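>>> sequence plus experimental coordinates follow:
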Amino acid sequence: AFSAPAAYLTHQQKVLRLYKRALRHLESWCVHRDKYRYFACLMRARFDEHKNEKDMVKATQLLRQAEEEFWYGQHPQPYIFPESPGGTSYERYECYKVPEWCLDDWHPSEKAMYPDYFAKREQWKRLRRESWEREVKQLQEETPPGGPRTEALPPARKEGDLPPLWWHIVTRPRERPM
Amino acid sequence: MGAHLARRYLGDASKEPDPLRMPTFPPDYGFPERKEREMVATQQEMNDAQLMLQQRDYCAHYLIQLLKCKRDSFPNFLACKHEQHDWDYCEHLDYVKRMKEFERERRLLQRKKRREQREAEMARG
Amino acid sequence: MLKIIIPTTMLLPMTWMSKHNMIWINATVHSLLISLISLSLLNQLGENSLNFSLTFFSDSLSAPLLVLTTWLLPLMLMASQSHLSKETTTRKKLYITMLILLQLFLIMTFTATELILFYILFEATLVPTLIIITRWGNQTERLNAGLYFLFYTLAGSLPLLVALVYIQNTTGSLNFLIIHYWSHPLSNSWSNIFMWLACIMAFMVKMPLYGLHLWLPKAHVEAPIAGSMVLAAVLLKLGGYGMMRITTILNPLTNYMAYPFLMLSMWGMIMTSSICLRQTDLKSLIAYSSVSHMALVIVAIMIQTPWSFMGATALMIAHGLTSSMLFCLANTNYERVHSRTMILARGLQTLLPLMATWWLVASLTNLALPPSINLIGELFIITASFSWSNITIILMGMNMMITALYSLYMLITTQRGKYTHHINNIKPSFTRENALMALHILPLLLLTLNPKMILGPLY
Amino acid sequence: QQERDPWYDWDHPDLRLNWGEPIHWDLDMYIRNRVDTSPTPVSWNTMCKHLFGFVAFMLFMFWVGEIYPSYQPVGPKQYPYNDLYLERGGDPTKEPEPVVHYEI
Amino acid sequence: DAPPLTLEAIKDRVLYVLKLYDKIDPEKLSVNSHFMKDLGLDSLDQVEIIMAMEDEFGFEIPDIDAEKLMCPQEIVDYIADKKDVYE
Amino acid sequence: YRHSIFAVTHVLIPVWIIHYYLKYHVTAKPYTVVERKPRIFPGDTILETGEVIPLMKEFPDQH
Amino acid sequence: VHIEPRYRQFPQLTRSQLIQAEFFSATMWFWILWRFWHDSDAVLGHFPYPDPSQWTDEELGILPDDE
Amino acid sequence: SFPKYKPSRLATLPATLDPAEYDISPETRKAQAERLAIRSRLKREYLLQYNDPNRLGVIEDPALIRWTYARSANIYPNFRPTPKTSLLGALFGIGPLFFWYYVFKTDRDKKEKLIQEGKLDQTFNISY
Amino acid sequence: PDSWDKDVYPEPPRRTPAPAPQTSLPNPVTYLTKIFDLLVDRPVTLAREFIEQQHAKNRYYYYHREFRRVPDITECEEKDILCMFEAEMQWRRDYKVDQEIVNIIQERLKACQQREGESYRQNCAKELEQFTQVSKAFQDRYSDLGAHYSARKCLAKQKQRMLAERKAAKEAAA
Amino acid sequence: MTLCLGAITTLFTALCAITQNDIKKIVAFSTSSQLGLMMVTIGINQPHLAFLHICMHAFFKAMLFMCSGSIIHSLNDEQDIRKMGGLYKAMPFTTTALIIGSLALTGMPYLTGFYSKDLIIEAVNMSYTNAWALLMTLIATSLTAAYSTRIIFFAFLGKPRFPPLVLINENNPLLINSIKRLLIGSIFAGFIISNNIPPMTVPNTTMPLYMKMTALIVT
Ligand SMILES: *P(=O)(O)OCC(C)(C)[C@H](O)C(=O)NCCC(=O)NCCSC(=O)CCCCCCCCCCCCC
């Protein structure tokens, strides 16, 4: 989520993702902890058996066969963490997330109900306004002439600068806002 | 559930009774003198007691007595055991009468089959 | 009726003589007073109508429509004052004048006692609506929408004029009372078939009938908020009122000539609900919902039973109020984000709670939710259609299911979900907008409380 | 959008769309609230065959059990007054065909 | 409802799990020990460590981000940032 | 004290209003409130006229 | 009462909840036993089921085959 | 071996089972790089507009505008009467109408015949 | 009660059985009935007495409007608008009265069904026959007039029915 | 039609229930199966037994859902029996409440669910019904017992499988009192209701012993 994706997944990344998915589905099948440990050790034994192979064509064929075997043998109802996309508690608090631009439309009386918070909010707003020009200058200086080849962003190269395009990342609503 | 279903379906439905068409023989066929069933409770009594039409069988008087017993001893909802047992026994007797009717129908049907087979054999010979 | 007609003709000079900053206040106050005065027409007789004079009369069918029009004028004033902040004083006064002229023509149309005066007035309602649309519309398609609306209505209604003058020459009078008492059966001949076609087709185009309705999406999408409110709330009810008026002299030919229109109405109700299921524009969704409800009203009028007329009247009133409220809500959303795309703005429930409540209530009334007058009318029409035939229940059930589907789809898409991140100009809802929604919704619930006032003469 | 990657930092996380990318023609029906085309553990043909076979077998067995009902070895229940002629709404003037139940 | 997490608590829990890992020597394990450069593990071991941390803290780490966590301090920082822990 | 204030208002006032509405308004038009007639058993005393509904005949008792 | 969270340890319990759970389980079992002691006919039946085969043709009104 | 998975339109083929996912030409890699570059350029433009502090309002989406325009206002200019469109329009527009007409006409004819012969149960039918 | 007419709205005499307790246990229903009478019945009765005393000080009356009979559509000449108007109004008033008669009979039927309870199929046969006759007459009168019903349409329907009856009688006598 | 619909509903829902890993899903399918049983009861012309079962099912199913919610809230919004375990001794009161509810649901011979389900099964066996419907009803009762056992086994028996940070705490007076009130009803309410209502149907006094004990045998 926080990391910019690459153009493709390498063979190592593909096999590692397959390994993790197979272990998760095996844990779904093997409910008990000792049984899961036994069969996870067996699965890692298989992976270590095929770990050393110089023929990339044969390695790719083995990966394809392993993927087909996993798809046949997957759990129809695998365990999903509650906050994971398939989970039962996914996106439950998205209705409680309110942004700071919505915060600044308050009535003067509502603002006066929280005197100390809004002084620091004004300080943050001034800090944001005093850095945008330097951020855009840095962004346009370091980009290739053709255009951005990836979604990764540069850090602050100077002592007094902030990383470009930081406002919404920094001020995103909390995971349990209300 | 029962053996009669097996006999009727995986067997001779002609000899087994038909529940929807029963009875198929005259009530006096085999009974020289047969007494008609006696009804204790009257139509007006059942109507006043507001018995459901499914409950207005020949065991209705015991049901009326049970209802009267339950109404009088209201807070004590455990003081109608004798009336409940009497009603249950009357229902049991009615059920065994129905069972006797079914068995009589079955054996009359098989006797008719035996007689017709004997007549067919005699006609052949 | 002069006690209501003259105050409108006095609304005109008051608006044109008022100050540059008091036009909205004066117009709203006096429109509300006129509506309060017009509330007195609901006291009707059970035998006959209220015959004020030789020219105007009021009936149990005309009274609710007049009250609806008089109550609708101030709401249009509020919405117009919302969207015309930067306009010049003369143009604001011209807009208010157009609205007042439209209200005056509608009142006279509903109270007219002759078919020819009724025709003249209900054709006179075209000019203010066309001017409003083609002058204060926002997008380019307003000109095309105005052309489509105008020419559909006129191509429908000119044969009605010819048939009306022919009927007057044949029978002696176009007075509604006389043509009701002196009615004679309409024999099955080609000439009678074509006269029936002329009258019914004019009012069907006004309804609109399925296959003759594209002008409705074109106009309602491209009209300003006041035009959208008046077009759906009242101007669609002229066809129903006319059909309920003229069917006195079309019997028994209506028994044989109603089949194609009934089939069109039912199948087009299904088709327009399905179209609502897949609309990328909110105003278009509301417009096609209006088309479906008016198709149901057409079915009721065509089957023509005493239970169908009451349902038709109740459904007309309920649909007017509900469609007006829905258009107002969509207009507030549009003024927030300056676009009509449905998926552009989301999370409006967590950004604007009271507007989410208004949306929920409007969508609940849009689908037939008991004991709302929407459900009362729909249920009466369904019962009459069931007595007519026993597959109409299948068609009505399909329509109800799809109606609930698309209403809740609109509600969920607009209000629920997570807010759009880049839309940060959504200011809190105004007291004006909240009052507009409240004044839209409270009369509907009060009419639910007292339902005999909108069930028409057949009650 | 259900098939689209859930862990990516989409501009519109609920719709799973990016700003500026071309939009599918049928996006209106492919949202996460509507028709889902994500791969299933079992093949579509196999699922259809299993569901159809189950429902067809259940209907066939219901018909079989209807033509072969289950009951108890008892006779019809007996009621006192001509099978309760008057209590079921019979006409008092007309005389019903007598129904007599005997002892056994 | 649940007590809030803290940076010290997260660090203690991750070091607890890592010390319970058999392939890691508890004595030479520090908060800055690299899993492959100075602990001698490999890709599968790192995947298993990430899965153990997910089971410990009750939330899933996506594969795009999990591959880059090569240090207990990096794991602590990732968990704190995702759970909005600032103290 | 809170339960007492809750009890008088929330329970006492509605029951007063509803009893007043039922006794003098609802039960002022015919057939508004219809009670299923009480069940009458043999050997009973009808209180309207002091009537004695007699007992049933002798049961053919078993055991 | 305040219950402190435990890490990898059995949760702290309360004597009140322990005794309440035991009391309600004992109440259920006592009720079941007490009910079965009094009216076991609800479970085991109350009246014998006749065997139709033991009924005589004389009492069922069946004449001999020859007659 | 293991039974194969047959993809359908409502149950698509998973990425891990796609045969083209394991046969990568060098041109496929540059195509993926170009796709990533396009996505990155669009993301950069959107993020600049999004994080601009002086911006108040909605970031208009040309893709969304194109989609809405193509769905409604661009259909008729690109429509041509072909045999396929003509047959489909005639069927889907007229066939249901005549089908329902036949159904309702037959039902009403049967009901009217029953009424005329006087053997239709219409007792208590007061409301109509 | 004297608010309505016992002949128009009959109620069979109410036979309430006398209580015959058979146990020493107190009756919670009796105790709660006594509490309800003490807490609710007396206050509402006092309030109603006060209100009715207030009403008796300003006693005024309202009357029932009486309409005389007028010549009907059978006597009205063709296209005589005044006579047709009078006859149509009288016919509409009679139609309303007939609708209310049917409503009264339906109320009788519902009340009798509810009162009889479990024995409604037999004891309500008297009110079912009256409802059947009234519904038959009302249907023969105003069965299929339509939305634009009128005295002329009702008269035409009656003429058609009379002609059909005459034809049937002639065929039977032939 | 009603009998067939109820039979197929209860069978299909129980069959789906016996293999679900979400506790709320399992309880929902149990509710659907009980609704199918009620529909079967209506189809055999026993409307009052259906109402009695409605009341009893309301009691013990509400209690079961409350216990499941307590388990879910104690384990930080975890709804998977594959992650529950050890709760028999971890949570005493919810354990005993769930055990009592499952005993009542399956038809323990003298609990709240006994006075309705047992009579329903007896009336189904003793009536002129569809043989397939009767068979499906019996199989549905067996599968009801099966999924109740599955819930108990995978939620309370064995070793813990939840995350190590134990936040288990069921000492809240609100939860305890609500479960207590719904727990007394799951034991005594059926007896009182059955013994207070008037006789509204003819009892099945005479029946074969194996048919009398069918519900217990299949359970
Ligand atoms: P780190 O960088 O050390 O990772 C080492 C890797 C794997 C990257 C190697 O450097 C490498 O690439 N080696 C050669 C390629 C290779 O390993 N090919 C074979 C890998 S796939 C395979 O052999 C294992 C698959 C067997 C198990 C499949 C699981 C399917 C069953 C799941 C069922 C679901 C429920 C249990």
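Now that the structure is in, tell me what you want to look at. Numbers count the residues shown, from 1 in each chain, chains lettered A, B, ... in the order given.

>>> residue 71: which element?
Defaulting to chain A. helix A:56-73 (DSSP states H and E).

>>> wait, I meant chain H there
Assigned by DSSP H and E, residue H:71 falls in helix H:62-72.

>>> check whether that helix contacts chain C.
Yes - using CB under 8 Å from any CB of the partner chain, we find that helix H:62-72 touches chain C at H:64, H:67, H:68, H:71, H:72. C-beta: built from backbone N, CA, C; applies to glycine.

>>> show residues contacting that helix.
Outside helix H:62-72, the residues that touch it by CB atoms under 8 Å, 6 or more residues apart in numbering or on different chains are C:280-281, C:284, C:341, C:343-344, D:19-23, D:25, D:27.

>>> for the residue in chain D that chain B sits nearest to, which non-adjacent residue is closest in space?
Among the residues of chain D, residue D:75 lies closest to chain B, at 3.5 Å counting by CB to the nearest CB. Nearest non-adjacent residue to residue D:75, counting by CB to CB, 6 or more residues apart in numbering or on different chains: residue B:101, 3.5 Å away.

>>> just residue J:11 next, same as before
Closest to residue J:11 by CB to CB, 6+ apart is residue J:136, at 4.2 Å.

>>> look at that neighbour and tell me its secondary structure.
helix (DSSP: H, G, I helix; E, B strand; the rest coil).

>>> how near is it to residue J:8?
7 Å (CB to CB, to the nearest Å).

>>> before we move on, what about residue C:239?
49 Å.

>>> these two: who's more crowded?
residue C:239 (26 against 23; other CB atoms under 10 Å in any protein chain shown).

>>> residue contacts, that one?
Residue C:239 neighbours (CB under 8 Å, 6+ apart): C:203, C:204, C:205, C:206, C:207, C:208, C:294.

>>> host element of the first one?
Of the helices and strands defined by DSSP H and E, residue C:203 is found in helix C:190-206.

>>> who in chain I is up against chain H?
I:102, I:132, I:135, I:136, I:138, I:139, I:143, I:144.

>>> the last one contacts residue H:126, correct?
Translated: residue I:144. No - applying CB atoms under 8 Å as the test, residue I:144 and residue H:126 come out as separate, 11.3 Å apart.

>>> between those two, who's got more neighbours?
residue H:126 (16 against 12).

>>> so who does the more buried one touch?
I:102, I:135, I:138, I:139.

>>> in chain B, which spans are helices?
Taking DSSP state H, the helices of chain B run over residues B:3-9, B:43-49, B:60-72, B:81-124.

>>> I'd like to know how many residues surround residue 51.
You didn't pick a chain, so chain A it is. For residue A:51, the neighbour count with other CB under 10 Å is 13.

>>> hm, I was asking about chain J
Using other CB under 10 Å: residue J:51 sits among 16 other residues.

>>> what's the distance between it and the ligand?
48 Å (CB to the nearest ligand atom, to the nearest Å).

>>> how about residue I:79, what does it touch?
When contacts are counted by CB under 8 Å, 6+ apart, residue I:79 touches residue C:182.

>>> phi and psi next, for it.
Main-chain torsions, residue I:79, degrees, to the nearest 10: phi 60, psi 40.

>>> ok, for residue 78, nearest residue in space, not its chain neighbours?
Let's take chain A. Spatially, and ignoring its direct neighbours in sequence, residue A:78 is nearest to residue A:28 (4.5 Å; CB to CB, 6+ apart).

>>> that answer is for a different chain, and I need it for chain E
residue E:69 is the one closest to residue E:78 (CB to CB, 6+ apart), at 5.9 Å.

>>> hang on, the residue of chain D closest to chain B is in a helix, isn't it?
No - counting by three-state DSSP, residue D:75 is not part of a helix but coil.

>>> contact partners for it?
Contact partners of residue D:75, counting by CB under 8 Å, 6+ apart, are B:22, B:23, B:98, B:99, B:101, B:102, B:105.

>>> of the residues you listed, select the buried ones using a ChimeraX command.
Burial among the contacts of residue D:75 is assessed by 16 or more other CB atoms under 10 Å in any protein chain shown; the matching ChimeraX selection reads:
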select /B:22,23,98,99,101,102,105
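
>>> biggest separation within the contacts of residue D:75, which pair?
B:23 and B:99 (13.8 Å; CB to CB).

>>> what comes up buried for the helix of greatest length in chain F?
In chain F, with assignment by DSSP H, the single longest helix is helix F:13-24. If you call a residue buried by 16+ other CB under 10 Å, then helix F:13-24 has these buried ones: F:16, F:19, F:20, F:23.

>>> kindly report the same for stretch I:5-19.
Buried, per 16+ other CB under 10 Å, within stretch I:5-19: I:15, I:17.

>>> next, the distance between the ends of that stretch.
32 Å (CA to CA, to the nearest Å).

>>> tell me which residue lies farthest from the centre of the chain.
No chain was given, so I picked chain A. Within chain A, residue A:109 marks the point farthest from the mean C-alpha position, 39.4 Å out by CA atoms, centre = their mean.

>>> nope, chain I please
Taking CA atoms, centre = their mean, the residue of chain I most remote from its mean C-alpha position is residue I:24, at 48.1 Å.

>>> again, but for chain D
residue D:93 (47.6 Å).

>>> who's in contact with the closest residue to the ligand within chain B?
Using CB to the nearest ligand atom, the closest approach of chain B to the ligand is made by residue B:1 at 44.2 Å. Counting by CB under 8 Å, 6+ apart, residue B:1 touches D:70, J:125, J:134, J:211.

>>> closest one to residue A:174 out of these, please.
residue J:134 (57.9 Å).

>>> leaving out chain neighbours, which residue sits closest to the residue in chain F that chain H sits nearest to?
Going by CB to the nearest CB, chain H is nearest to residue F:31 of chain F, at 19.6 Å. Leaving out its chain neighbours, the residue that sits closest to residue F:31 by CB to CB, 6+ apart is residue I:111, at 4.1 Å.

>>> just the helices in chain I please.
Under the criterion DSSP H, chain I contains helices at I:28-36, I:42-56, I:81-116, I:120-123, I:125-142, I:151-173.

>>> and chain B, which of its residues are near chain I?
Counting by CB under 8 Å from any CB, chain B sits next to chain I at B:47, B:50, B:51, B:52, B:53, B:69, B:72, B:73, B:74, B:75, B:76, B:79.

>>> 7 Å - rerun?
B:47, B:50, B:52, B:72, B:73, B:74, B:75, B:76, B:79 (CB under 7 Å from any CB of the partner chain).

>>> spatially nearest residue to the third one, not counting backbone neighbours?
Once flanking residues are discounted, residue B:52 sits nearest to residue I:118: 5.7 Å by CB to CB, 6+ apart.

>>> before we move on, what about the first one?
With CB to CB, 6+ apart as the criterion, residue B:47 has its nearest non-adjacent residue at 5.1 Å, and that residue is residue I:119.

>>> likewise the second one?
Closest residue to residue B:50 in three dimensions, ignoring its sequence neighbours and counting by CB to CB, 6+ apart: residue I:118, at 4.2 Å.

>>> could you give the number of residues near that neighbour?
As a burial measure, residue I:118 scores 17 neighbours (other CB under 10 Å).

>>> make sure it is actually in contact with residue B:47.
No - applying CB atoms under 7 Å as the test, residue I:118 and residue B:47 come out as separate, 9.0 Å apart.
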